[PDB]
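As structure tokens, the structure follows; a few thoughts come after it.
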Amino acid sequence: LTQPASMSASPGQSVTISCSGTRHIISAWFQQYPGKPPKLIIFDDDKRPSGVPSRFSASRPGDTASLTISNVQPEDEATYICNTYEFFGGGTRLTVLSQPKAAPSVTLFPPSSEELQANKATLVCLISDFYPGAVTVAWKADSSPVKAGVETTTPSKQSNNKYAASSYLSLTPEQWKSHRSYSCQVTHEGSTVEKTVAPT
Amino acid sequence: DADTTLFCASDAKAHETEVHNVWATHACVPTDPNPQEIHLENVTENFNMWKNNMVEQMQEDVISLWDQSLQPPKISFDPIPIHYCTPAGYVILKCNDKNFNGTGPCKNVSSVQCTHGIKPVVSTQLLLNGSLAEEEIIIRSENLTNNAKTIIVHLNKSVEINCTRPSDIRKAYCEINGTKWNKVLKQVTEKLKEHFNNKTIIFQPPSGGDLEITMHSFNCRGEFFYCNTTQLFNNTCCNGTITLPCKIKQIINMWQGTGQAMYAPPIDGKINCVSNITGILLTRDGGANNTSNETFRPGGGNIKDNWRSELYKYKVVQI
Amino acid sequence: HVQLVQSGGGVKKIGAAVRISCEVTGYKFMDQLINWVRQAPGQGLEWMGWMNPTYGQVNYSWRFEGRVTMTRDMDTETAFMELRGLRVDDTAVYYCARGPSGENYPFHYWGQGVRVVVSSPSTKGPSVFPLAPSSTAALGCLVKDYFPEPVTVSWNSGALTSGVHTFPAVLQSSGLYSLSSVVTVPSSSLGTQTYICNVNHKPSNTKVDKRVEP
Ligand SMILES: *[C@@H]1O[C@H](CO)[C@@H](O)[C@H](O)[C@H]1NC(C)=O
Ligand SMILES: *[C@@H]1O[C@H](CO)[C@@H](O)[C@H](O)[C@H]1NC(C)=O
Ligand SMILES: *[C@@H]1O[C@H](CO)[C@@H](O)[C@H](O)[C@H]1NC(C)=O
Ligand SMILES: *[C@@H]1O[C@H](CO)[C@@H](O)[C@H](O)[C@H]1NC(C)=O
Ligand SMILES: *[C@@H]1O[C@H](CO)[C@@H](O)[C@H](O)[C@H]1NC(C)=O
Ligand SMILES: *[C@@H]1O[C@H](CO)[C@@H](O)[C@H](O)[C@H]1NC(C)=O
Ligand SMILES: *[C@@H]1O[C@H](CO)[C@@H](O)[C@H](O)[C@H]1NC(C)=O
Ligand SMILES: *[C@@H]1O[C@H](CO)[C@@H](O)[C@H](O)[C@H]1NC(C)=O
Ligand SMILES: *[C@@H]1O[C@H](CO)[C@@H](O)[C@H](O)[C@H]1NC(C)=O
Ligand SMILES: *[C@@H]1O[C@H](CO)[C@@H](O)[C@H](O)[C@H]1NC(C)=O
Ligand SMILES: *[C@@H]1O[C@H](CO)[C@@H](O)[C@H](O)[C@H]1NC(C)=O
Ligand code: NA
């Protein structure tokens with residue numbers, strides 16, 4: 001039911017993905033690669049089919065199933081999905097640290113005067129150079145949130161294997177000029193970086 | 001705690017060219033007026049009808065019955081009851097825990113080396129001419145959590161159904177008493193609310209598929225009836241008698257699975273069948289964890305489930 | 001070995017309808033219900049429904065009833081899924097699946113997934129807008145509401161390589177692509193010379209470019 005969006009692990013360490021919710025309806029685990037369909041790696045909570053190594057284990061002692069990986073290796077960089085019956089989790093994008101350390105560089109751009117001239121508005125958040133490629137975006141008016149007319153692109157690799165993405169907030173010019181400021185926050189591994197603009 | 005092959009018994013006579021009587025006189029042994037029940041030493045045993053092996057046996061027997069008898073070649077037949085007895089060292093056990101759902105323990109475990117009177121009637125959506133439920137209505141499934149697994153409903157009030165073709169060449173109607181059906185459907189709705197943590201229940205016609213599972217399909221007088229059953233699952237409730245539009249078909253995707261059949265038009269004259277709606281075959285709509293409702297549509301699973309409904313207590317074991 | 005193949009996807013406009021196939025190889029097709037599941041881009045798996053290949057008993061989710069239908073073909077030994085009146089959010093990768101011999105769940109065997117992209121029926125055409133620096137300094141161009149991909153953008157008639165960065169397009173709710181390309185400049189060259197991007201959109205072929213001024 002509920003899964004964390006992403007995790008992070010150095011090679012050789014041990015990690016644990018936790019899927020809560022469950023409702024005690026057994027558990028099964030899929031590992032999925034970009035483009036490839038999901039591949040079952042754990043079935044009946046604590047059992048694994050042929051071909052799955054010993055690093056993978058799992059246990060569902062209640063409504064919170066968990067998948068443990070020991071001594072992570074390059075196969076493991078994938079998306080891990082809990083499932084009960086026809087219900088799947090949102091996926092956990094486990095990423096092994098190939099190049100250590102990173103920090104998202106973010107830039108915020110206000111709507112254009114020509115766009116306001118065309119009674120439209122579009123604010124642009126532009127994130128680049130972060131690792132692992134898993135961030136969350138947040139659009140805020142003044143101090144309250146907005147959850148309408150927002151389109152955020154999925155992260156994609158650059159030429160240096162550091163990810164980048166962008167987010168677009170379309171908006172009526174009346175609402176654009178009816179607020180003091182507008183803020184884009186991006187969260188990347190706990191740390192959140194803010195950008196603020198104002199109608200001037 | 002094993003599974004073996006068994007033979008059958010029949011209360012049929014080989015003097016009339018029936019397709020069940022002549023079949024069962026040589027395929028089965030005449031009934032043996034020797035019933036010995038032994039209420040066991042208050043032992044509690046766990047049953048599991050969903051992994052029973054006698055249902056496969058009965059499936060083979062009905063397949064052979066139909067294949068041997070029916071040809072595209074016309075004669076009236078009727079579903080005579082079939083018994084199933086077993087040799088020595090291989091014995092059948094029976095559960096009598098009043099309201100048993102067919103997968104748990106039982107306390108008054110009886111023991112008889114043969115079954116009870118069971119007629120092999122094939123039907124979709126609704127189980128006909130069955131055995132009533134003793135105290136309450138029973139919900140049976142491997143577990144209701146799984147949508148793929150079928151759901152069988154044991155009714156403790158047999159509802160009357162009356163399908164009739166008059167002397168307008170293949171049309172027919174099937175009359176039911178609407179009040180009784182609405183009452184029993186409300187009882188099943190209450191019991192599913194109980195089984196689903198006081199969840200709202202909705203009844204709807206099937207989402208789609210062939211006519212055999214979309215409509216109530218059976219066979220009477222040697223003629224294949226398909227009945228439009230949207231009126232019974234009218235979730236709004238209607239209080240008067242309900243007439244069900246039905247039609248006799250001569251293409252049939254054979255109930256075992258082999259193509260599309262071809263048969264002569266029905267014999268001239270009136271065709272009547274009064275029978276006993278005794279069970280209900282249901283499938284719960286999957287998904288929708290957050291939603292406060294549970295939608296159910298009739299018909300589903302193999303024909304094996306029809307036999308498994310009647311074989312929900314018996315179990316073959318070693319001696 | 002069992003295997004399931006699917007090859008009926010692609011790109012369709014809004015409204016419309018899509019037919020998706022899945023062919024099985026290594027088991028009795030009459031048994032083993034077939035599941036239709038969907039994964040949105042950068043999202044989680046979503047199970048639409050399942051279908052019985054015996055007589056065609058189907059079971060859809062509550063979010064697709066009336067929209068999705070499932071059918072079968074026995075000699076083909078294949079299954080079909082029809083999704084009509086599609087929406088932009090229906091852009092996703094689509095899978096057929098099945099589990100063990102013991103009925104349905106969990107899904108031991110998957111297909112391969114086909115991409116289905118719901119896009120605009122028209123061609124529309126871009127609208128390049130400027131993103132001027134306010135007050136560490138960078139500027140950029142913004143192409144919005146165009147179709148179909150791609151759009152090639154450079155600055156000052158292909159005269160800059162370092163500092164430029166073009167990010168992939170996004171498919172908005174209206175069904176029109178949009179991206180933006182930005183370049184970082186030392187906070188001394190502004191006012192010295194102008195700056196103009198170069199938007200080229202062959203499908204409509206409007207090489208319209210404008211300037212950036214605060
Ligand atoms: C147990 O089964 C026997 C067999 O018919 C029956 O006589 C008895 O009443 C049953 N006991 C209960 C408590 O239902
Ligand atoms: C059937 O009964 C057994 C034991 O009484 C119980 O464990 C199981 O959950 C029941 N299942 C249904 C569908 O009623
Ligand atoms: C039938 O079962 C229902 C509920 O399952 C119960 O309320 C009713 O009393 C039963 N009726 C008879 C005649 O056993
Ligand atoms: C059916 O599902 C339940 C979920 O609560 C789980 O205990 C098990 O998988 C099954 N239980 C029974 C009694 O069949
Ligand atoms: C139908 O049910 C009634 C009581 O509900 C019973 O008396 C009658 O024998 C049944 N007919 C059958 C099973 O053919
Ligand atoms: C069934 O319907 C026919 C035609 O309406 C009627 O003649 C017959 O008496 C009915 N049978 C019963 C048992 O009501
Ligand atoms: C309705 O639901 C509540 C809790 O969900 C339960 O305690 C109550 O018994 C239900 N009502 C009936 C009539 O069973
Ligand atoms: C049954 O009849 C109703 C109303 O006439 C209609 O849904 C349709 O004709 C039939 N439905 C089927 C065959 O699923
Ligand atoms: C259900 O019955 C009521 C009449 O009491 C009415 O809405 C209509 O006849 C039926 N609706 C259906 C069959 O959809
Ligand atoms: C339905 O049965 C009731 C008694 O159970 C009786 O009034 C009559 O036989 C039927 N009612 C109608 C309206 O047909
Ligand atoms: C149920 O039994 C009666 C009496 O033997 C018979 O007339 C009727 O045809 C049977 N039902 C079916 C569906 O064959
Ligand atoms: Na094979």
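Chain labels follow the order of the structure tokens: the first chain is A, the next B, and so on; residue numbering restarts at 1 in every chain, and ligands are counted from 1 in their shown order.
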Interface residues on chain B facing chain A, 9 Å, only C-alpha atoms, written as an mmCIF file with N, CA and C atoms, in the first residue's frame:
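Output contents, as saved in result.cif:
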```
data_model
loop_
_atom_site.group_PDB
_atom_site.id
_atom_site.type_symbol
_atom_site.label_atom_id
_atom_site.label_comp_id
_atom_site.auth_asym_id
_atom_site.auth_seq_id
_atom_site.Cartn_x
_atom_site.Cartn_y
_atom_site.Cartn_z
ATOM 1 N N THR B 145 -10.954 -12.520 0.157
ATOM 2 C CA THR B 145 -9.995 -11.469 -0.167
ATOM 3 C C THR B 145 -9.587 -11.526 -1.633
ATOM 4 N N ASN B 146 -9.480 -12.730 -2.191
ATOM 5 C CA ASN B 146 -9.069 -12.893 -3.578
ATOM 6 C C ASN B 146 -10.276 -12.754 -4.498
ATOM 7 N N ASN B 147 -10.170 -11.851 -5.477
ATOM 8 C CA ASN B 147 -11.249 -11.666 -6.442
ATOM 9 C C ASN B 147 -11.305 -12.793 -7.465
ATOM 10 N N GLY B 286 -12.864 -6.467 -8.439
ATOM 11 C CA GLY B 286 -11.558 -6.228 -7.868
ATOM 12 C C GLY B 286 -11.236 -4.751 -7.744
ATOM 13 N N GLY B 287 -10.068 -4.487 -7.161
ATOM 14 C CA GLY B 287 -9.645 -3.123 -6.934
ATOM 15 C C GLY B 287 -10.507 -2.440 -5.883
ATOM 16 N N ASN B 289 -9.846 -0.346 -3.073
ATOM 17 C CA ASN B 289 -9.580 -0.486 -1.644
ATOM 18 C C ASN B 289 -10.190 0.686 -0.883
#
```
For chain A, work out the contacting residues on chain C at 8 Å, counting only C-alpha atoms, and write them as a list in words.
->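 The answer, sorted by residue number, is residues 41, 42, 43, 44, 45, 46, 47, 95, 105, 106, 107, 108, 109, 110, 111, 112, 113, 129, 130, 131, 132, 167, 168, 169, 170, 171, 172 and 173 of chain C.
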Using only C-alpha atoms, determine which residues lie at most 10 Å from range 70-76 of chain C, disregarding the query and same-chain residues fewer than 6 positions distant; provide the list as JSON, numbers by chain.
-> {"B": [207, 208, 209, 210, 259], "C": [19, 20, 21, 22, 23, 24, 29, 30, 34, 35, 36, 49, 50, 51, 52, 53, 54, 55, 56, 57, 58, 59, 60, 82, 83]}
Can you tell me which residues sit at most 7 Å away from ligand 10, counting only C-alpha atoms and all ligand atoms, written as an NGL selection string?
-> :B and (177-180 or 239-241)
May I ask you to extract the residues of chain B within 12 Å of chain C, using only C-alpha atoms, and to give them as a ChimeraX atom specification?
-> /B:50-51,124-125,142,145-150,204-215,252-260,282-303
Hey, can you check how far atom 8 (C, counted along the ligand's line) of ligand 11 sits from CA of residue 118 in chain B?
->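 We find that atom 8 (C, counted along the ligand's line) of ligand 11 and CA of residue 118 in chain B lie 13.2 Å from each other.
The neighbours of range 20-26 of chain B here are the residues that come within 9 Å of it, using only C-alpha atoms and leaving out any residue fewer than 4 positions away in the same chain; they are residues 8, 9, 10, 11, 12, 13, 14, 15, 16, 30, 65, 68, 69, 77, 78, 79, 80 and 82 of chain B.
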Let me see the file: selected residues, C-alpha atoms, as a short mmCIF file (atom, residue, chain, number, x, y, z; two decimals), in the first residue's frame.
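File again-v8.cif, as written:
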```
data_model
loop_
_atom_site.label_atom_id
_atom_site.label_comp_id
_atom_site.auth_asym_id
_atom_site.auth_seq_id
_atom_site.Cartn_x
_atom_site.Cartn_y
_atom_site.Cartn_z
CA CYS B 8 -20.83 -44.59 -8.68
CA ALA B 9 -24.28 -45.85 -7.73
CA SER B 10 -27.58 -45.14 -9.44
CA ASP B 11 -31.30 -45.30 -8.68
CA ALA B 12 -31.99 -45.76 -12.40
CA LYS B 13 -33.44 -48.59 -14.47
CA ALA B 14 -32.31 -49.75 -17.92
CA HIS B 15 -35.63 -50.17 -19.69
CA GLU B 16 -36.22 -46.69 -21.19
CA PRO B 30 -27.61 -49.95 -8.41
CA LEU B 65 -22.12 -38.66 -20.12
CA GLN B 68 -21.64 -40.42 -25.21
CA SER B 69 -25.26 -39.26 -25.24
CA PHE B 77 -33.62 -36.84 -20.53
CA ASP B 78 -33.68 -35.83 -16.87
CA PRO B 79 -31.00 -35.37 -14.19
CA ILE B 80 -31.35 -38.54 -12.09
CA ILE B 82 -25.96 -40.03 -8.76
#
```
Skipping near chain neighbours, those fewer than 4 positions away, what residues fall within 10 Å of residue 200 in chain C using only C-alpha atoms, listed as JSON, numbers by chain?
-> {"C": [126, 150, 151, 152, 153, 154, 204, 205, 206, 207, 208, 209]}
Restrict the selected residues to C-alpha atoms and save them as a PDB file, in the first residue's frame.
```
ATOM      1  CA  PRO C 126       5.179  26.474 -30.661  1.00  0.00           C
ATOM      2  CA  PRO C 150      10.922  17.088 -31.317  1.00  0.00           C
ATOM      3  CA  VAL C 151      11.993  20.738 -31.381  1.00  0.00           C
ATOM      4  CA  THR C 152      15.644  21.670 -31.906  1.00  0.00           C
ATOM      5  CA  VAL C 153      16.822  24.776 -30.047  1.00  0.00           C
ATOM      6  CA  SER C 154      20.194  26.528 -29.990  1.00  0.00           C
ATOM      7  CA  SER C 204       5.268  22.838 -38.600  1.00  0.00           C
ATOM      8  CA  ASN C 205       8.679  24.292 -39.565  1.00  0.00           C
ATOM      9  CA  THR C 206       8.535  27.726 -37.927  1.00  0.00           C
ATOM     10  CA  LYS C 207      12.113  28.816 -37.198  1.00  0.00           C
ATOM     11  CA  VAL C 208      10.862  31.744 -35.135  1.00  0.00           C
ATOM     12  CA  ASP C 209      13.244  33.141 -32.526  1.00  0.00           C
TER      13      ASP C 209
END
```
Can you tell me, as a PyMOL selection string, what residues are no more than 10 Å from residue 137 in chain C when counting only C-alpha atoms, ignoring any on the same chain fewer than 4 positions away?
-> (chain A and resi 107) or (chain C and resi 132-133+183-188+190)
How far is it from CA of residue 176 in chain B to CA of residue 160 in chain B, in Å with one decimal?
-> 6.4 Å
Pull the strand (DSSP E) assignments for range 2-76 of chain C out of DSSP run on the backbone, and list those residues as number ranges by chain.
-> C: 4-5, 10-13, 15-24, 34-39, 45-51, 58-60, 68-73
Taking only C-alpha atoms and all ligand atoms into account, report as a PyMOL selection string which residues have an atom no farther than 6 Å from an atom of ligand 7.
-> chain B and resi 194+197-198
Any chance you could export the current selection's N, CA and C atoms as a PDB file, in the first residue's frame?
```
ATOM      1  N   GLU B 194     -21.904  -8.220   6.795  1.00  0.00           N
ATOM      2  CA  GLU B 194     -21.240  -8.802   7.959  1.00  0.00           C
ATOM      3  C   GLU B 194     -19.842  -9.297   7.607  1.00  0.00           C
ATOM      4  N   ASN B 197     -17.051  -6.268   6.976  1.00  0.00           N
ATOM      5  CA  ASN B 197     -16.910  -5.197   7.967  1.00  0.00           C
ATOM      6  C   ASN B 197     -17.939  -4.086   7.746  1.00  0.00           C
ATOM      7  N   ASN B 198     -19.206  -4.481   7.630  1.00  0.00           N
ATOM      8  CA  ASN B 198     -20.316  -3.554   7.400  1.00  0.00           C
ATOM      9  C   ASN B 198     -20.028  -2.655   6.197  1.00  0.00           C
TER      10      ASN B 198
END
```
Return as a VMD selection string every polymer residue, whether protein, DNA or RNA, with at least one atom no more than 10 Å from an atom of ligand 11; count only C-alpha atoms and all ligand atoms.
-> chain B and resid 77 to 81 119 to 123 127 to 130 161 to 163 217 to 222 225 271 to 277
Store the residues picked out above, limited to N, CA and C atoms, as a PDB file, in the first residue's frame.
```pdb
ATOM      1  N   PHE B  77     -34.377 -36.321 -21.664  1.00  0.00           N
ATOM      2  CA  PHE B  77     -33.623 -36.837 -20.535  1.00  0.00           C
ATOM      3  C   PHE B  77     -33.895 -35.977 -19.307  1.00  0.00           C
ATOM      4  N   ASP B  78     -33.485 -36.489 -18.152  1.00  0.00           N
ATOM      5  CA  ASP B  78     -33.684 -35.834 -16.868  1.00  0.00           C
ATOM      6  C   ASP B  78     -32.484 -36.097 -15.976  1.00  0.00           C
ATOM      7  N   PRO B  79     -32.168 -35.175 -15.059  1.00  0.00           N
ATOM      8  CA  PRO B  79     -31.004 -35.372 -14.187  1.00  0.00           C
ATOM      9  C   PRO B  79     -31.314 -36.277 -13.003  1.00  0.00           C
ATOM     10  N   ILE B  80     -31.126 -37.583 -13.177  1.00  0.00           N
ATOM     11  CA  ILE B  80     -31.350 -38.540 -12.093  1.00  0.00           C
ATOM     12  C   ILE B  80     -30.224 -38.383 -11.075  1.00  0.00           C
ATOM     13  N   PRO B  81     -30.486 -38.571  -9.780  1.00  0.00           N
ATOM     14  CA  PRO B  81     -29.417 -38.405  -8.785  1.00  0.00           C
ATOM     15  C   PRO B  81     -28.370 -39.507  -8.884  1.00  0.00           C
ATOM     16  N   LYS B 119     -27.859 -34.954  -8.159  1.00  0.00           N
ATOM     17  CA  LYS B 119     -28.156 -34.958  -9.587  1.00  0.00           C
ATOM     18  C   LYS B 119     -27.197 -34.038 -10.325  1.00  0.00           C
ATOM     19  N   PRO B 120     -26.584 -34.494 -11.420  1.00  0.00           N
ATOM     20  CA  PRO B 120     -25.600 -33.662 -12.149  1.00  0.00           C
ATOM     21  C   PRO B 120     -26.254 -32.678 -13.115  1.00  0.00           C
ATOM     22  N   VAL B 121     -26.672 -31.538 -12.572  1.00  0.00           N
ATOM     23  CA  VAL B 121     -27.291 -30.470 -13.349  1.00  0.00           C
ATOM     24  C   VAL B 121     -26.269 -29.362 -13.563  1.00  0.00           C
ATOM     25  N   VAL B 122     -26.073 -28.972 -14.820  1.00  0.00           N
ATOM     26  CA  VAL B 122     -25.148 -27.903 -15.180  1.00  0.00           C
ATOM     27  C   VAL B 122     -25.929 -26.605 -15.304  1.00  0.00           C
ATOM     28  N   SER B 123     -25.361 -25.526 -14.771  1.00  0.00           N
ATOM     29  CA  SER B 123     -26.024 -24.232 -14.801  1.00  0.00           C
ATOM     30  C   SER B 123     -24.986 -23.141 -14.599  1.00  0.00           C
ATOM     31  N   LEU B 127     -27.209 -21.822  -9.081  1.00  0.00           N
ATOM     32  CA  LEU B 127     -27.172 -23.265  -8.871  1.00  0.00           C
ATOM     33  C   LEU B 127     -28.586 -23.772  -8.623  1.00  0.00           C
ATOM     34  N   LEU B 128     -29.020 -24.727  -9.443  1.00  0.00           N
ATOM     35  CA  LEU B 128     -30.393 -25.205  -9.486  1.00  0.00           C
ATOM     36  C   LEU B 128     -30.499 -26.609  -8.901  1.00  0.00           C
ATOM     37  N   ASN B 129     -31.683 -26.922  -8.364  1.00  0.00           N
ATOM     38  CA  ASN B 129     -32.035 -28.275  -7.917  1.00  0.00           C
ATOM     39  C   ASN B 129     -31.053 -28.820  -6.882  1.00  0.00           C
ATOM     40  N   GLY B 130     -30.418 -27.939  -6.119  1.00  0.00           N
ATOM     41  CA  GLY B 130     -29.400 -28.331  -5.169  1.00  0.00           C
ATOM     42  C   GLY B 130     -29.968 -28.731  -3.825  1.00  0.00           C
ATOM     43  N   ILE B 161     -38.229 -21.502  -9.563  1.00  0.00           N
ATOM     44  CA  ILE B 161     -38.099 -20.909 -10.887  1.00  0.00           C
ATOM     45  C   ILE B 161     -38.840 -21.801 -11.870  1.00  0.00           C
ATOM     46  N   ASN B 162     -39.425 -21.177 -12.892  1.00  0.00           N
ATOM     47  CA  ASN B 162     -40.358 -21.857 -13.796  1.00  0.00           C
ATOM     48  C   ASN B 162     -40.076 -21.373 -15.217  1.00  0.00           C
ATOM     49  N   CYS B 163     -39.243 -22.121 -15.935  1.00  0.00           N
ATOM     50  CA  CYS B 163     -38.915 -21.800 -17.315  1.00  0.00           C
ATOM     51  C   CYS B 163     -39.868 -22.541 -18.245  1.00  0.00           C
ATOM     52  N   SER B 217     -27.512 -19.739 -18.118  1.00  0.00           N
ATOM     53  CA  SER B 217     -27.499 -20.787 -19.126  1.00  0.00           C
ATOM     54  C   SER B 217     -27.703 -22.138 -18.459  1.00  0.00           C
ATOM     55  N   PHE B 218     -28.610 -22.933 -19.011  1.00  0.00           N
ATOM     56  CA  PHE B 218     -28.779 -24.315 -18.572  1.00  0.00           C
ATOM     57  C   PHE B 218     -29.407 -25.090 -19.723  1.00  0.00           C
ATOM     58  N   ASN B 219     -29.885 -26.296 -19.436  1.00  0.00           N
ATOM     59  CA  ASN B 219     -30.525 -27.107 -20.461  1.00  0.00           C
ATOM     60  C   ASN B 219     -31.702 -27.850 -19.851  1.00  0.00           C
ATOM     61  N   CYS B 220     -32.844 -27.789 -20.531  1.00  0.00           N
ATOM     62  CA  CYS B 220     -34.071 -28.431 -20.087  1.00  0.00           C
ATOM     63  C   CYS B 220     -34.760 -29.064 -21.284  1.00  0.00           C
ATOM     64  N   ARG B 221     -35.261 -30.289 -21.100  1.00  0.00           N
ATOM     65  CA  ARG B 221     -35.946 -31.036 -22.153  1.00  0.00           C
ATOM     66  C   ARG B 221     -35.029 -31.297 -23.348  1.00  0.00           C
ATOM     67  N   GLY B 222     -33.716 -31.251 -23.127  1.00  0.00           N
ATOM     68  CA  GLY B 222     -32.757 -31.388 -24.201  1.00  0.00           C
ATOM     69  C   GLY B 222     -32.503 -30.125 -24.988  1.00  0.00           C
ATOM     70  N   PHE B 225     -31.259 -23.389 -22.752  1.00  0.00           N
ATOM     71  CA  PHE B 225     -31.914 -22.156 -22.338  1.00  0.00           C
ATOM     72  C   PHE B 225     -30.874 -21.118 -21.934  1.00  0.00           C
ATOM     73  N   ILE B 271     -42.440 -26.985 -23.511  1.00  0.00           N
ATOM     74  CA  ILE B 271     -41.254 -27.368 -22.753  1.00  0.00           C
ATOM     75  C   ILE B 271     -41.320 -26.642 -21.418  1.00  0.00           C
ATOM     76  N   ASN B 272     -41.480 -27.390 -20.331  1.00  0.00           N
ATOM     77  CA  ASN B 272     -41.599 -26.785 -19.012  1.00  0.00           C
ATOM     78  C   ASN B 272     -40.559 -27.371 -18.070  1.00  0.00           C
ATOM     79  N   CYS B 273     -39.987 -26.511 -17.228  1.00  0.00           N
ATOM     80  CA  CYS B 273     -39.058 -26.943 -16.189  1.00  0.00           C
ATOM     81  C   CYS B 273     -39.261 -26.064 -14.965  1.00  0.00           C
ATOM     82  N   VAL B 274     -39.794 -26.653 -13.900  1.00  0.00           N
ATOM     83  CA  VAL B 274     -39.856 -26.016 -12.592  1.00  0.00           C
ATOM     84  C   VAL B 274     -38.704 -26.566 -11.763  1.00  0.00           C
ATOM     85  N   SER B 275     -37.851 -25.676 -11.266  1.00  0.00           N
ATOM     86  CA  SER B 275     -36.650 -26.096 -10.563  1.00  0.00           C
ATOM     87  C   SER B 275     -36.386 -25.177  -9.376  1.00  0.00           C
ATOM     88  N   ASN B 276     -35.324 -25.506  -8.648  1.00  0.00           N
ATOM     89  CA  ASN B 276     -35.043 -24.970  -7.322  1.00  0.00           C
ATOM     90  C   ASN B 276     -33.760 -24.149  -7.375  1.00  0.00           C
ATOM     91  N   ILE B 277     -33.896 -22.824  -7.431  1.00  0.00           N
ATOM     92  CA  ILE B 277     -32.751 -21.953  -7.207  1.00  0.00           C
ATOM     93  C   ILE B 277     -32.271 -22.221  -5.790  1.00  0.00           C
TER      94      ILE B 277
END
```
Would you mind listing what lies within 8 Å of range 136-143 of chain A as a PyMOL selection string, with only C-alpha atoms counted and same-chain residues fewer than 3 positions away left out?
-> chain A and resi 146-147+152+167+169+179-188
Rank B:6, B:238, B:106, B:262 by their smallest atom-to-atom distance to ligand 1, using only C-alpha atoms and all ligand atoms, and report the top residue only.
->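 Checking each of B:6, B:238, B:106, B:262 against ligand 1, counting only C-alpha atoms and all ligand atoms, the winner is B:106.
Take CA of residue 40 in chain B and CA of residue 108 in chain B: the distance between them is 6.7 Å.
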Can you tell me which residues sit at most 7 Å away from ligand 3, counting only C-alpha atoms and all ligand atoms, written as a list in words?
-> residues 134, 135, 136, 137, 138, 156, 157, 187, 188 and 191 of chain B
Can those selected residues be exported to a file as a CSV table (one decimal), in the first residue's frame so that it contains N, CA, C and O atoms?
```csv
chain,number,residue,atom,x,y,z
B,134,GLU,N,-28.8,-25.6,6.0
B,134,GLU,CA,-29.6,-26.1,7.2
B,134,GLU,C,-30.1,-24.9,8.0
B,134,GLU,O,-31.3,-24.8,8.2
B,135,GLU,N,-29.2,-24.1,8.6
B,135,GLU,CA,-29.7,-23.0,9.5
B,135,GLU,C,-29.6,-21.6,8.9
B,135,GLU,O,-30.6,-20.9,8.9
B,136,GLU,N,-28.5,-21.3,8.3
B,136,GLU,CA,-28.3,-19.9,7.7
B,136,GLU,C,-27.9,-20.1,6.3
B,136,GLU,O,-27.9,-21.2,5.7
B,137,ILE,N,-27.6,-19.0,5.6
B,137,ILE,CA,-27.0,-19.0,4.3
B,137,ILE,C,-25.5,-18.9,4.4
B,137,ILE,O,-25.0,-18.1,5.2
B,138,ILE,N,-24.8,-19.7,3.6
B,138,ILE,CA,-23.4,-19.9,3.7
B,138,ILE,C,-22.7,-19.2,2.6
B,138,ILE,O,-23.1,-19.3,1.4
B,156,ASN,N,-30.7,-21.1,2.3
B,156,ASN,CA,-31.5,-21.9,3.1
B,156,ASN,C,-33.0,-21.9,2.8
B,156,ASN,O,-33.8,-22.5,3.5
B,157,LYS,N,-33.4,-21.0,1.8
B,157,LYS,CA,-34.7,-21.1,1.2
B,157,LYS,C,-34.6,-21.3,-0.3
B,157,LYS,O,-34.1,-20.4,-1.0
B,187,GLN,N,-31.2,-10.8,2.5
B,187,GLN,CA,-30.5,-11.5,3.5
B,187,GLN,C,-29.0,-11.8,3.1
B,187,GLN,O,-28.1,-11.6,3.9
B,188,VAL,N,-28.8,-12.1,1.8
B,188,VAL,CA,-27.4,-12.3,1.4
B,188,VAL,C,-26.6,-11.0,1.4
B,188,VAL,O,-25.5,-11.0,1.8
B,191,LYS,N,-25.6,-10.5,5.0
B,191,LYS,CA,-24.5,-11.4,5.4
B,191,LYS,C,-23.2,-11.0,4.7
B,191,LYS,O,-22.1,-11.1,5.4
```
If you run DSSP over the backbone, which residues in range 74-296 of chain B end up helix (DSSP H, G or I)? Put them as a ChimeraX atom specification.
-> /B:178-195,211-214
Check every protein, DNA and RNA residue against ligand 12, keep those with an atom at most 6 Å away (counting only C-alpha atoms and all ligand atoms), and present them as JSON, numbers by chain.
-> {"C": [1, 2, 26]}
